[PDB]
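For reference, the structure is listed below as structure tokens.
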Amino acid sequence: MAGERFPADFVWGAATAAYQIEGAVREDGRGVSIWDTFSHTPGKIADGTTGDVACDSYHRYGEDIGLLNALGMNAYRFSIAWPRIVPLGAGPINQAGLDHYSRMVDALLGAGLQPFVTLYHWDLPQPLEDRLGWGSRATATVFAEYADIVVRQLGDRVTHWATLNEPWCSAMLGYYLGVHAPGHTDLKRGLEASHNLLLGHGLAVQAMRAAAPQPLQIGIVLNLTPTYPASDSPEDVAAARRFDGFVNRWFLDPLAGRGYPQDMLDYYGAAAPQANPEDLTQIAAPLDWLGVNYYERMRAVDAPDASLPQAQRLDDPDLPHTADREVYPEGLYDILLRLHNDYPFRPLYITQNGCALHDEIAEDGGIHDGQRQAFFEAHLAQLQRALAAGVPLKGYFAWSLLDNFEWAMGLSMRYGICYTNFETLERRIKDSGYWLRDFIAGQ
Ligand SMILES: OC[C@H]1O[C@@H](O[C@@H]2[C@@H](O)[C@@H](O)O[C@H](CO)[C@H]2O)[C@H](O)[C@@H](O)[C@@H]1O
Ligand SMILES: OC[C@H]1O[C@@H](O[C@@H]2[C@@H](O)[C@H](O)O[C@H](CO)[C@H]2O)[C@H](O)[C@@H](O)[C@@H]1O
Ligand SMILES: OC[C@H]1O[C@@H](O[C@@H]2[C@@H](O)[C@H](O)O[C@H](CO)[C@H]2O)[C@H](O)[C@@H](O)[C@@H]1O
């Protein structure tokens, strides 16, 4: 109650991504994505799984709606699969794909769930990757075309759109570190990809407003990792700044109209992209909102012998960990205060926040994920502190609605507020999901 109340119009949702949940990978005209190629490459996924079935949400999105409704949410953040809309990436449209999402949008609106659509959550059409993917400027152009196509048919009903989800991931995990699709391992390729992602974003924003049948609220979604030096030594502070630049400022600064950060430009040297002024203008399209995805902090020590950005994580054995990450709720406060004071974007949404645990169905049938309840409660407490500081936060989306295909970790790593039995496709609300239900209902 006191100190726990969000605005009455606050957006409360959960979030997913198409490849992680949909399955039906060859159905209804869908093309091949880089994640189909990657997950079907031996050894890329930890457990031998693919997204071929996943949660079967292409067919079972109505069950997903049932969960959202049972949780008392008022919004659902999901992605549209470009392979279902333009199966060749650049080519004809697939009306069956558009019609599927049209039906889903209508189902959401009929349930009182505002759709928050992500256009690109990592499932680049493989034919585009065969032509260098995000390494090619042309991919940016045809992304904007895709964005146009989708807004023309859904923009009478969906006001809130994001272009990209987490370009750092797509660029640096996909092209530099090789852990995500398409799996390249070259810094220059990653940096070029980052630029073409940003350019695609900016071109898409402009294409979408031109194509819009009503005013839209268009954003981008960034993962941000607040970074802290492990000591105040020059070496460790510099390591923190490089990591901060690598993940955060590289994207935030050009979106803000500030160009690429010059420290990072000079650091990247020959690997840095040719960033002409006209591209940067386009990249800095005004945003109606910015989405923040937050999981963890980085406490950095200098790592001179490591790959760029020469910064290694120093885990704090004080702090608890989940199945895969350190828990640090106060980082969310810090990064939001940073955005509020230091950058121009507003309003803000938390578009993903959640955690993975070794969730199990208990003897009674529930999932007793108390650490995840505590994760949500602690992060939401930080959001109330941020709101009290004036941060213009307008909503929160729990990551994820349901356990899903967790990229290179496969089905093994459970992030849901609902448990997914991947054999039967049954979903079950976890205790943390019931806590969110009851917390939101108190609003
Ligand atoms: O890209 C802008 C600017 O970023 C600086 O990083 C600062 C860091 O020095 C310190 O002040 O903490 C804040 C917030 O985390 C960072 O934004 C770089 O040092 C600087 O080279 C760069 O121009
Ligand atoms: O891994 C869970 C979810 O991860 C999300 O991406 C994360 C970024 O926000 C973060 O900054 O980096 C981590 C890796 O260190 C990313 O995995 C994805 O957007 C989700 O799709 C995914 O389920
Ligand atoms: O004024 C608030 C809006 O600011 C937009 O961003 C940038 C400008 O404020 C800044 O001065 O210049 C750049 C480059 O032209 C602008 O894009 C944000 O994108 C919006 O979210 C924000 O409401």
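For ligands, and for the atoms within them, numbers begin at 1 and follow the listed sequence. Along the sequence shown, residues are numbered consecutively beginning with 1. FYI, side chains are in, hydrogens and waters are out, and symmetry mates aren't considered; it's all heavy atoms of this structure.
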Self-check item: Numbered atoms of ligand 1 (with element) below 4.0 Å of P261, judged on heavy atoms
Solution: 1 (O)

Exercise. Indicate yes or no: does an N/O atom of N404 lie under 3.5 Å from an N/O atom of ligand 2?
Key: no

Quiz item: In the protein, which heavy atom is nearest to atom 17 (O) of ligand 1, and how far is it?
Solution: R338 NH2, 2.9 Å

Quiz item: Do any N or O atoms from the side chain of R414 and from the backbone of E360 form a donor-acceptor pair under 3.5 angstrom?
Solution: no

Practice problem: Provide, to 0.1 Å, the distance between atom 6 (O) of ligand 1 and the closest protein heavy atom, together with that atom's residue and name. | Solution: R249 NE, 3.7 Å

Quiz item: Between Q352 (side chain) and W399 (backbone), is there a donor-acceptor pair under 3.5 Å?
Solution: no

Quiz item: Just going by heavy-atom distances, which of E406, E166, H180 is nearest to atom 8 (C) of ligand 2?
Solution: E166

Quiz item: Taking heavy atoms and a distance under 4.0 Å, where does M409 meet ligand 2: side chain, backbone, both or neither?
Solution: neither

Quiz item: Just heavy atoms, cut-off under 4.0 Å: does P286 contact ligand 3 by side chain, backbone, both, or neither?
Solution: backbone

Quiz item: Would you say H121 has any N or O atom under 3.5 Å from an N or O of ligand 2, going by distance alone?
Solution: yes

Quiz item: Which ligand 3 atoms are under 4.0 Å away from a heavy-atom of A284?
Solution: 17 (O)

Quiz item: Among all protein non-hydrogen atoms, which one is nearest to atom 9 (O) of ligand 1, and what is the separation to 0.1 Å?
Solution: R241 NE, 3.0 Å

